[PDB]
Structure formats: C-alpha cells, structure tokens
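Notes for the one structure printed next.
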Amino acid sequence: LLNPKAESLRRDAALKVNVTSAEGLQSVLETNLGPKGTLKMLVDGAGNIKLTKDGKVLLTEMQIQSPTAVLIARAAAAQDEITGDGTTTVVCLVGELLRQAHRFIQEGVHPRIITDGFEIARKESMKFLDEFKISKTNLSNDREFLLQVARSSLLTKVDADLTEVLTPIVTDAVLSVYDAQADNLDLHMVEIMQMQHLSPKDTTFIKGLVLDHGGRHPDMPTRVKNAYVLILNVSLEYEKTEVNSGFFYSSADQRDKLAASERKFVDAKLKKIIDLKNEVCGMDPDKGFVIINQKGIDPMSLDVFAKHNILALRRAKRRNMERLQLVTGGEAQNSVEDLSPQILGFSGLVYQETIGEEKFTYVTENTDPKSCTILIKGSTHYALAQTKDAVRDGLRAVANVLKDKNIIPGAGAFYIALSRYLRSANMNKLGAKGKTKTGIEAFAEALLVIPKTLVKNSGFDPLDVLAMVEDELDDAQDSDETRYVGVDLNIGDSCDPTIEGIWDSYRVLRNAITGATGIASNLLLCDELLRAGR
Amino acid sequence: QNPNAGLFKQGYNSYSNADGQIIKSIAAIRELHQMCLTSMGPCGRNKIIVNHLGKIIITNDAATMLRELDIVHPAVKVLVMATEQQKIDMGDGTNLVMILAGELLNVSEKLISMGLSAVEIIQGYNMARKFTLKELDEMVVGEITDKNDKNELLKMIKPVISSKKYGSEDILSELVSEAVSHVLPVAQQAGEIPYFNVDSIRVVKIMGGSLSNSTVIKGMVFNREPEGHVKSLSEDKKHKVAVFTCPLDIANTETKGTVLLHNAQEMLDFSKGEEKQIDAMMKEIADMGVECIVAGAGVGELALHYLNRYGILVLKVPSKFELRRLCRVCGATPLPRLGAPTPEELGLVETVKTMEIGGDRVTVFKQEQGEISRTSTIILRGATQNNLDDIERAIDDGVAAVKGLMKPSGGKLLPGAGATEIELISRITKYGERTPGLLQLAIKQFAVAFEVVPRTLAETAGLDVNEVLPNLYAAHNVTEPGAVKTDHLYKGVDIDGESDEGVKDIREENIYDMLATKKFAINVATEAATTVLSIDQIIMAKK
Amino acid sequence: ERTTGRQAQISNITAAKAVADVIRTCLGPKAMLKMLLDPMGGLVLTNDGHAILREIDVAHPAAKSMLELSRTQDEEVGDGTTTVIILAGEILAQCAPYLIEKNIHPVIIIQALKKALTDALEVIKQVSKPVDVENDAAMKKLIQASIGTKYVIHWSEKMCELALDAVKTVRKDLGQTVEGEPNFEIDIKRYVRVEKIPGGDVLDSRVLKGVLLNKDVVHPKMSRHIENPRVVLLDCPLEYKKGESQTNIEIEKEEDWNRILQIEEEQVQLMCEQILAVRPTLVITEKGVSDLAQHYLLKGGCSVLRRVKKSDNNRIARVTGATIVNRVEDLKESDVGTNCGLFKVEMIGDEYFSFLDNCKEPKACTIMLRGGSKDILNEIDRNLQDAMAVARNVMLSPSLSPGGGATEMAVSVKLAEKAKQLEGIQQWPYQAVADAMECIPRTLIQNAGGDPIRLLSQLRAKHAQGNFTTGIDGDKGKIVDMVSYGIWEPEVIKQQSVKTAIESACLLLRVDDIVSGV
C-alpha cells in the first residue's frame, strides 16, 4: 500500500524512531542537571567556543537532524517564555516517560490507555503540587530566603565558587529594583554590562548607571561628590558643512576672524553654562557639578570645563539620557538660551574608570535611582556569556519568586514525594481503571528521572541515596509531624531542603510537568511517518 | 550495511564522553603540551615555523609558537586563551601556565582511569589550588625593596631574560637595567603609584657586530634617512622642534587645493605662489627659534631648499607611533597646518644629532637638562637575524616583567629553578594526606603535576632525571637534629653542563621568581584545567 | 508510464488502499496523530484528516482522483471526508479478489455497487430518527457534537445561540409548488458572512441585523455619529469629468491650466449639489473622491465616505433604502434614511468601524465576531461555521442516524441479509460492499484501544438482536446503546458519504487502462 516514488513508515517503526530520538536527547541533556552537571561546547561554524549549561541555549544553538527531536527541543524551549527554566527537566521527563511507555507497549498496552493514564496522573500530580507547596512570607526583610533562592538558581550555572560573589549582587539588585509598594516587578530597569578587562571573580554591584562616552582632558575631575546633573541637547563643538570644507588663513588676523565663526556659538553657550555653574555650587563647599551634554564637545570647551572643575561628558546615548532623567531627576535642556537652575539634578559620587581600551563614567549613589546595574567581567568570550546567562537566570528566578509567594522545596524531595503520593493514591483509590494502572505506573516511574539524574551527575549511586530518602519519607509519614526529605548532592546522604536552603520554583515545576505530559501524549499517538511536499 | 543508532544531532563532527572523549581531549592537548615542554627552563630551545608569507620564524616563546600554529580543537583553544590571558595580565609565565595545565590534564586522565568522577577531581583541584595559593605567601625568601637602583633591578631582570636567550643573560640584563634607569623617576619604596610603563622602552636592532657592541640611548631614535641637506644641529640647549602632519609644501585649503602646472601662465603663477608661501612660512618658523621640523609626510623641492637656507633639520616620520613618541619626548603638538609656529605647541629638545652605529646613521632626539624624557631606546647589534630576534624577545619580556614590580606581590621573591615547585609538592602532598575523603587522590595528583618543572629543567639540560629527581626530593626532604629545618633548604635545579654533583643553591646565582607571576600562573592553569575537564561532550553545527 | 488490464486494476486498487491507509487513525474523538515530514526538515503532528489529505502527496492518478473527490466533499458537506475516503478504499479492496481472481467484469461489479448503494440508502433511511427543529435544547445539544475538541468548547453555549440566531434569521422557507418547498434554504456564506473585529471576548460576539463597513470618515473634522442617517449610493467618482476613453491634459500655459482647474471645480461643485439636493447625511462613493468634492460635501453639512465596493453598497441599499446609481447626474430623490437604526462608528480593538444596524431582518445578517487576536478570530470563525453547518444539516434534514459506527453495522447486517435473495453473480461484490461497510466500527475500536476482533462480532450480534440501537463509546470502548449516550449524527452526512464512496469505487473500477499523452 504505497504510491510510486513515495516514502513512509508503518508498523512500529514510528515508535522506534520516536523512542530513539527521545532517548538520544535525554542522554544529551542528562549531564546538565544539577550543580554537579557538565558543560557543553558549542561552535556554530564561526569557530568560536561557547560554554553553557542552560537548556535553551543547548537546544537552540545545536543542530538536530531527527524531526521528532526537533519538535521535542522546540517544545522544551518554548517554556522559556512561560517560566524561564526547566527545559532540561522537561526533556528528561519526556524521555523517561516515552521510554516507560514503549516498555509497556512491548507488553501489548495500547497508546491511548497510556495517554489516559498520563492525564490521570497529571491531575493527581497537580493536586499533589497544590497540597505540597509552601507559602513564602511577603515580608521585605526576608533577605535570607532571597539569598537561598538565588544560590539555588545560580549553582546550576556556575562552578560553585563564583556563587559567593554573584549571589549577593543579584539578590541585592532584585530586592532594590522592587519599590516598597505593591506595584509590580520589572527587570527592564536592571542593566547588565560586560567588560573584558578583569576576571569574573571581580564582578561587583552598581547602584546606578554607567556612561561610556565622556570627555578627555588631563585636568578633568576624577572623583566628584554631591554633584548636580545638567542634561543639554545643543551641540558644544565646532561643526562643518556636509560637504568637506574648512577655513584657510594667511595671517593671524584672518585666523582669528575665521575661528570666530566656529567659536561664537560655543562661547555663547559656555557663558551661560559657567554662569549656571557659578550660581549653583559656585562657592558651596563639599559639592560638585557634572554636565551630561548629550551632544558632542570640542576640546576647547572641554578645557574650559576642566579649568572650572566640571566633569564634562559628550555624545551620550539617548537611552542613557532617559535613564539619567529617571535616576538623577535632571531635565534635558533643549537650548542654553532658556538654561535655568531648576534643570539641575542631583547625584552622589561621580567618578571615571580608566581601562586600557576604553573609559567609563559612574553616576551612582542617587537618592532614588529606581534602577540597578550589574557589571560582568571576564577574560574570554565563553566566560562572559556564561556569566551573563547565569545573571539573567538568577534575576528572572528571584523576580518570579517575589511575584509568586509559592515555593517548592528542592533537593529532589518534590519528585520522590510526588511519585510516592501518585503510587499510593492510585493503588488505594483504584478509580481510573485496571489497565490504566500501566500508564499510572509509567508516569510514576518517569517522574523519578530527575532525582536519579541529579544523583548520577554527582557521582553517587541513586540506588542507595534514593532508598535512604524513601526510608526517611516513610518514617516522616508515619510520624505525626511534617518533614521534607531530599538528597544532599554534596555529602551523598539525605537532607531537609527547607533547612539547607534548596528551593524550586512552583511555576517552573508546574509548567514542566504539563509540557512533559503533553509532549509525551502527542508523541506516543504517532503511528506512521509520511513524507510529502516535494 | 552497518546500522547507525543513537545519532540524531548531525553528521558533523561531534564528540561525547560515552566513547572516552574526556581522555581524547587530553590526548589532543598533549600534542602542543609536548611542543611547549621544550621551551621552559634556562636551556630552552626555539623552533622553526614557516609564516604564511614564506618567511622563517624562529623564537623561544611558546606563546608565539601557539599564535603561529593552527588551533582546531576547542580544548586546545581553551589553553591558548589561558596563555593569552597570562601574557596580557602578567607579561610572563606563559610556559608555566601551559605546562601546568597540560600536566593537570594528564593526571586527570589517570584519575579518570582510576574511576574517580570528574566532579570530585574538580573539587580536589580547587581545594589544592586554594591551598597552594595560600602557601605561596609563606614561601617568600627575599623581597625587592623598590630602590629603583640598577643592582636591585638586575636581581629580577636576570631570571626573566633566562630561558629566553641562553648564554647572553649577563649582557641583556645590564642593557635592560640601563634602559629602565633612564626612564624611572626619582622615587623609592612606592608600589601603589605606577611609574614604569611597558612602552617606555623601545627596542631596535642593527645588523653587524655582536651583542657586546649594543648600547642604550636616552631618547627617541629614528632609523630613516633625514632626506635633506641639514644633518644635525649644534649643541645649543633647548632646541625648538616643530611637528607637522601636512607635507612641507605650499599651503592650500582643506578641500581640493591641488596645484597643477599645465602652461606657461599657470607654471609661472604657481611657481611664484609656492616659492613665496614656502619662503614666508619657513622664515616665520625660523624667527620663532625652531631649529628642527618633523613632518609626517614628504618634503617638496622648494621646501628642502628653504629648510637648507635657514639651517632647519629635515626629518620625515611616516609612522604615527613614532610621531606620538616624539611628542611625548619633547611635548610638541602635531600641527595640521603649515606656517603656524605657535609657541604653546612647539616642543623643546636639548640635543638633536645624527649618530653612526655600526655604519648606519640614525637621528636621535635626547634630553639632558630640561624636559627630561621619560622614554629610552635599546639598540641591538649582531650579525645573525635569529639571535637578534631572540634578544629582542628577551628584552621585551624583561621590560614587561619590570613593570610587574609594583605593590601586588611584585617585589616578593620566590626560590626559582624548581625549589618552590618541590616545596609546593611536599606541602600539597601533606595537605592531601590530611584531607579526608576522595579529595586526597586529587590533591596528590595536583601535587604530582608540579614535578614537571624540575623534570623539564633536568631534561633540557641533558641531566639524567632518574638521578636528579631523587636527589632533589632528598634535598628538599631532609631530617635535621632539631624541630626546625635548617641548613640549605633553598636548593634548586642546576643545569651544570660541564661537571657537577647534585644541585647548586639558589643563593649562589640568585635565581628567584616573582610571587605574583607564579601565583597568577597557577590560578590560570588550574582554571583552564577545570574548564577543559568540565567538558564531557562537544556538539557543533556544520557551516 | 502505462498500465492496462488486470495489472492496471491492481495498481488502482493498491493506490486507493494506500490513500485510505493515510487517515485510518483520523476517525472519532480518539483519533491518533500522524507525522508529516516537511521537505525542509520540519514536522507537523496534526491529527486532522482533511489537512493530512491536502498535505500528503500521491503519485498514482487514482489517488489524485480520490483527493479531488475528498476536496469536493469538503465543500458539499462539512464532515465525513475521512469516512468517504476510508469507505471507498475498503469497498475497492474487498472487490479486488472478485475483480481479479474470479475474473468478474467491471460492469457487473458496477451494477452490484449501484444496487448496494440503493439498499444502503434505504437502510440509512430506515434507521433514521425524527428531529423537532422547534426544540432549542435538542438543537444546541446536536450542535455541541461538532464543537467538541474546539477552541470554543468553553463558550459552546453562546456559540450555539449565535449559530441558531443567524440560521433562523437568514431562513427562507420559499413555500411554493413551482420549484418545490425547501425547509429553510440556509446559506451561511452569502447570508451569514462573518466580519472579523479585533478585540473582545468569545462571548462578546453578537448577531447584528445590518451592514458593517471598515471605512471611516474621509476628513478628521467631519460628522462621525448620525442618529438618523440618509445614505446616497453612487459609483462614479467626484473629480474632473472625462470621456469614455483615455484622457490626458498636456498644457504648457498657466492660463489654460487655470481654466482646466476652474472647469474641474465647477463640475465637482455641480456633482456635489446634485448629491446634496436630497438633503443627505452620508455620501458613499465606490471610486475615489477628490479633495474638492469632499470640501463641497462637508460645507453642506453632509459626511463623505469613499472606497466602498459594490458588495457593501448593495447591502447598504437593503438596510437604508438608498438607490445605487452609476452616474451622479442620474441620481434620484428616492434615497431615504428609513429602516436604519443608527450610524454609530464605535471603535473596537483600536479599529474604527461603521454600523448600520436596524430592527428588521432582511433575510440576511452579519455576525460581529470578536476575539483577542487574529488567530483567535479565525478559530472562532471556523468553529461558528462548523456549528452553523451542523444546524443547517439538522434543520434542512430533520433526521439523525445513530453514531459510533452503529449505522455502518446496521447497513452491513441488512445488506448481508438481503444478499441471499439476489440469486446472481452480483451477490459477490454486494457482500464485498457489505463487509467493507464494517470498516468504520473496526477503526473506531482500534482507535479506542479495545479488541478489534471480539468487539466487532459483539456489535454485529447486538445489531442483529438489538434493532440496530448499539454502538461503541469513544471512551469506554465497549458496546453501548446510542439512545442513552445520545451519540447521533445527521442522516444527510451518512447518505452523502455512502453515495460518494460508492461512486468513487465505481469510477476507479471503470478505468482499466492508463495511457500517456498530451
């Protein structure tokens, strides 16, 4: 039953192909789970080496040939726009669930019964997640819990040593960027910078903004305290016509007369600028003056500003100008003709940072910046990329935790408890069907993949640590008290995630479970492969 | 006919640990590890590399070899980037970093063969790195007091030149010290304020003679013909020097301004204009006291004639870097226009003369009393181009190392020739024995990785390792009649080469290494080794 | 290249079977997914039968004919395409042994197929159940059958309400004895064309008696809302008058150009005065309107609207009474503002519209479809079209046949019973068709996940003894009574499916040779 010059797959060939692709992807991403996971190198033909552990980067930047694997990777990566994490969890769950489904199918279980069992187990797991979550306190002084969450999210992406530096920076940035009001959280006010000068361990937290374009003068101020911020939109530099042109002279008088045309406007603007500087902070002690001057500045005016102890910047970015307006409170002056002291803002310590290949200006220490900046440092492209990915992941995780007070203890407690609850509830209720028990057990076994992979990546044998955790879970359930039991990936024995400080996002786990169940159900329902369109 | 299962990514190059790629990467790195093992040590050797232009490159620097060699495997790229970081940040110790990373990977291969998980290996390596970094603080024997004197500078200069140009360290160290002393300011015991820059010293070479004929100049040196009738100025102090970028010719407008002589009328008009303008500009420049004019472009016939008329030194400097150096030396500002001898922009040079060195005449701008120059030039002499290139590389390395004598462990001195390595081996072995758990194996392997330096020194010197290594171990592991070790605890690795027994003490030849260099090299090597070991699978997409 | 004789017949049957095998899993709520490999490396896991048929390419001409017939069915009926293809393929397969091994001429097989078609139609008529079109709840329940597994499953109540309202509004009994007496003469495409309005919720959709226009006022300062609009419909543009052929004005003197401009202004003023002679409040012109014409009309206190195609002007004439005239000079005074409720131009989803709703039903209506995005709008539009198609099938054909394969089992059983009295060689293809009719319940059983062998025999026995009132449940997979579970489908769908399947089988059997040439 085939048309001439046609390609198709029948019988169980589709099942074999899907299972093989799922197992291959699961094996590829297995070593990236947990803080003890491995790092993969990616080269997209350009010859540049990039190291990362994020599931989205691994799936999107790696070429996949098997069409089923392509769909699995796309579905797993789609969770980034929903929760921002769990791609590797989704892939591992899909792979293990498909493996169990194939194993049961080899015994004669129809795929539809397996899908029905998966749906029932998904409902039961949603109920378990609802009954298992812990409501985080909304008190803004809970810095310890935020630090624990940041450490848990970061350890998966860093080498466990840069954590001590990065965790506090991210936690403080996320805590500060959230105003002391209901409102909402917006990470768009948190800027990330990359510098190739220093080592990654030198990263620090920046309270305000950093400006890249500045003036040059040997007498330019190096550190300015209690500075007023003036934003100007009119050029302060000599300008020429669009077509190449210039002024030619044969005598000093002609030189002066021709240079007068160029310097007239600059001098006119500088007159009022210096008048304003004298009016405010002219004689006041322990005060400074910083002028942004979004437009360009000629060296003559830079020297004039330097002789007046004025830190002059030039060619500032429009985005930086708006961020300065929102941070320093100063307004942008369209023309000096209407210059007034009310335009002046206020800022704390203003200083310049000198680098071999560039220079930076700091406008930090504002009264209410309502923004934060994180500076990333490194010596190699891959290190900078890894640091940027880790910082973004930590920012998103902390923001989500602040938005959603629901927190799920980690350390593998969630998955083991979910599997045990599923098994016990489905064995007791017996409410779905006798044959559906096959799919229920398949789902229960598949949900244990995550702790098994985490243990394997840490070098310990799952058969022992998981058995110990199961024994501790049985003991806790027999006891009348509430206790959470997990796996200590550093010691190898069991531990309580609520005491050690390991937590998992509620939304991440919920969406990962839903996506894994959906992908498994969709794939197990594929019977034949048909090629068409060419 | 053979089925293919388990492959779903692509038919392009892809490696996974399932086939032992964790050891294959180490084996691939070994290809260049062996290459770099032959460079470290005073008895190091260069290698012949053919450039893409058909030229022959010979150098003792491993970093140069890596740059001139093609890197394909990402694992090798990690070590190449680590070496580049070491060179940029420290300026020396590239061989140390490369060899240490290679040995760490080699011992990691043995650990993997033993069955130890890579996670435990990485944790143990990190612990051993921290222990070694902390211990290096207590291994300091001497320290540079930062007197800026030639005698104290030589102590650090001499070891830096060694292993880069063997047999000539005595003269190269003296040359480097003389060059540095010409630029160092009048200050002592100040490591927080930078005073010395790597670019403050320029290195040039002249064919002919030998290294013994080399000298040092107290100012800028130009190796191009003046192209004029004026060869040198008098000995009068404070010669005004004018720097120009526009060619010395008739002044014209920025737009167009081209002068073309087509017929008799145009010929006469343009000739008169050029003559009058050039004469007026030269007279105005001379009246201000300018005795030398330096232009970044060429000089016209009339310009040359008028420069000769007023006795103005003629010199062209097409290199903008040379113009910047001249401006720094004399303080002059480049003049984009002609006939503008502004006093605020004119520089001052105490003495300007043309000097003959080995038959080649060059122009020197040096300062004697006023506007003392902060830059110096080193002139190398030799009949062999390879030797001159090696000497230039050694001088550059010494200049870079000198800049590292600042406060952050710059002055701290460690016993070289592997003595520090043996002490670290012993300390790390003791720490690993004390350290419980599986981390002990990793600590012991990290300690063993440091045995390469004495092994490399013994092999490059032709000494039998089977006898030197146990002798070194016994010398650094001794039993004394007391609770505190005494006697000669600073014995290093000697090269001998003619006749000797055992090894010589460091204090005999004062072979010391910078604490900062060794510490940063160890840190970078451990980071690179961890990065390489942390990769258990490589996935790439076809272009 | 070319095939003839028994080899050609075998190739045609194989092609039909291959086409049928594509959509075996696309039947019932438990339909399984299929992998469609894109030539660019993509993959689509859609389980929709018609999409797979339209996207799956075939080489054999018989497969192309089957695909064309399926496409035709997609327009003739809103459902049963997969059933049509599967039934035709199975009928062709069952006739293969008699066609080839038994050396039965195609003419005999075709005659037997026609007789079996007649008998199957009779059986389907026998097992039909009447429907009371006056029972709103029953119609809503029947419509919900096609809303299952759809984006609007949650709003199915409002979807059914809107579908019923639209269908009843555009109903045309057309009682007479000349051309027959149709029940309702329902036509969604022409009388129920749906306008897509960005924004709003699913339940916000309403059925409006009027005409919706997407063109707003032509000038920022112009009347936007009119309580008692008076519309004038015209096609000729308001600009410089030209002849019946190409006209070009090439003038090099400023005076003549000024004269031409004055002539244009005078002509535009005359046309605007002629339009305004009827004291209108809105002018709708299909062609472009010059700025001078807009100014002249506005100065008269009358709004201006341009770029409205005849497809909208014809409907506007029905809900406003305005008379459409090609030329402005031919405009009459018959234009009225009656039968128009309002000219509100309320903005929905940041998009301006014009509404001419009234309180009368001119045998037509427009559904104000609303949604959060264009994709949502398209999904809701398709769901509403399916619901209205189901309602049309129920109302025009107030008869239902039992679902879950019960109708097919009954047809097979009755055909098997009747075959014994044929007394002729045709009995063989007759029994082949009777057996092929049983494929649908077998496919349902396989999709559900039960026993494909014992369950079919139980179904046959129950139909023999259960008066054809038993079927297969989509979820349980056991033999159940359709009356209790309420699994019913329109009789017209089954009749059309059987007719098309048997006709396709006859067409494919009739061809015994394929040759090349052009």
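We label chains A, B, ... in the order they appear in the structure tokens, count residues from 1 in each chain, and number ligands from 1 in the order shown.
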- Item | Within 6 Å of region 194-211 of chain B using only C-alpha atoms, minus same-chain residues under 3 positions, as a list in words | residues 214, 375, 376, 377, 378, 379, 380, 381, 382, 383, 400 and 403 of chain B
- Which residues, written as a ChimeraX atom specification, have at least one atom at most 12 Å from residue 198 (chain C), with only C-alpha atoms counted and residues fewer than 2 positions away on the same chain left out? /C:195-196,200-202,204-205,214,347-353,368-378
Per residue of chain A within 7 Å of chain C, record the nearest atom pair and its distance in Å to one decimal, counting only C-alpha atoms, with rows in chain order and ascending residue number, as JSON lines.
{"residue": "A:1", "atom": "CA", "partner": "C:18", "partner_atom": "CA", "distance": 4.3}
{"residue": "A:2", "atom": "CA", "partner": "C:18", "partner_atom": "CA", "distance": 5.2}
{"residue": "A:3", "atom": "CA", "partner": "C:59", "partner_atom": "CA", "distance": 5.6}
{"residue": "A:4", "atom": "CA", "partner": "C:59", "partner_atom": "CA", "distance": 6.0}
{"residue": "A:67", "atom": "CA", "partner": "C:43", "partner_atom": "CA", "distance": 5.9}
{"residue": "A:110", "atom": "CA", "partner": "C:449", "partner_atom": "CA", "distance": 5.7}
{"residue": "A:112", "atom": "CA", "partner": "C:449", "partner_atom": "CA", "distance": 6.2}
{"residue": "A:113", "atom": "CA", "partner": "C:449", "partner_atom": "CA", "distance": 6.9}
{"residue": "A:525", "atom": "CA", "partner": "C:32", "partner_atom": "CA", "distance": 5.1}
{"residue": "A:526", "atom": "CA", "partner": "C:33", "partner_atom": "CA", "distance": 4.8}
{"residue": "A:527", "atom": "CA", "partner": "C:34", "partner_atom": "CA", "distance": 6.1}
{"residue": "A:528", "atom": "CA", "partner": "C:34", "partner_atom": "CA", "distance": 5.8}
{"residue": "A:529", "atom": "CA", "partner": "C:35", "partner_atom": "CA", "distance": 4.6}
{"residue": "A:530", "atom": "CA", "partner": "C:36", "partner_atom": "CA", "distance": 5.1}
{"residue": "A:531", "atom": "CA", "partner": "C:37", "partner_atom": "CA", "distance": 4.7}
{"residue": "A:532", "atom": "CA", "partner": "C:56", "partner_atom": "CA", "distance": 5.2}
{"residue": "A:533", "atom": "CA", "partner": "C:39", "partner_atom": "CA", "distance": 6.2}
{"residue": "A:534", "atom": "CA", "partner": "C:39", "partner_atom": "CA", "distance": 6.2}
- Identify every residue of chain A that has at least one atom within 7 Å of any atom of chain B, counting only C-alpha atoms, and report the result as a list in words.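 So the contacting residues turn out to be residues 20, 21, 24, 36, 38, 39, 40, 41, 42, 43, 44, 45, 49, 62, 63, 64, 65, 66, 244, 245, 246, 248, 379, 458 and 459 of chain A.
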- Return as a list in words the full set of residues in region 340-410 of chain B whose backbone-based DSSP assignment is strand (DSSP E).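 For region 340-410 of chain B, the strand (DSSP E) set is residues 347, 348, 349, 351, 352, 353, 354, 355, 356, 357, 360, 361, 362, 363, 364, 365, 366, 376, 377, 378, 379, 380, 381 and 382 of chain B.
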- Shell of 12 Å around residue 266 (chain C), only C-alpha atoms, local chain residues under 5 positions omitted, as a PyMOL selection string: chain C and resi 238-241+259-261+271-273+292-293+296
- Message: Residues within 9 Å of residue 85 (chain A), please, as a PyMOL selection string. Count only C-alpha atoms; anything in the same chain fewer than 5 positions from it doesn't count.
- Response: chain A and resi 54-56+77+79-80+393+397+505+508-509+512
Can I get the selection written as a PDB file, in the first residue's frame, with C-alpha atoms?
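What landed in result.pdb:
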ATOM      1  CA  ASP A  54      21.300  26.385  30.028  1.00  0.00           C
ATOM      2  CA  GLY A  55      18.864  24.058  28.290  1.00  0.00           C
ATOM      3  CA  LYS A  56      17.525  26.734  25.947  1.00  0.00           C
ATOM      4  CA  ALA A  77      12.485  25.695  24.785  1.00  0.00           C
ATOM      5  CA  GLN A  79       8.798  27.082  28.289  1.00  0.00           C
ATOM      6  CA  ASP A  80      11.349  29.916  28.454  1.00  0.00           C
ATOM      7  CA  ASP A 393      18.615  33.337  35.093  1.00  0.00           C
ATOM      8  CA  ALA A 397      14.190  33.366  39.206  1.00  0.00           C
ATOM      9  CA  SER A 505      10.040  27.436  41.561  1.00  0.00           C
ATOM     10  CA  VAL A 508       8.717  26.063  36.715  1.00  0.00           C
ATOM     11  CA  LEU A 509       7.742  22.646  38.073  1.00  0.00           C
ATOM     12  CA  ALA A 512       7.491  21.495  33.154  1.00  0.00           C
TER      13      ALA A 512
END
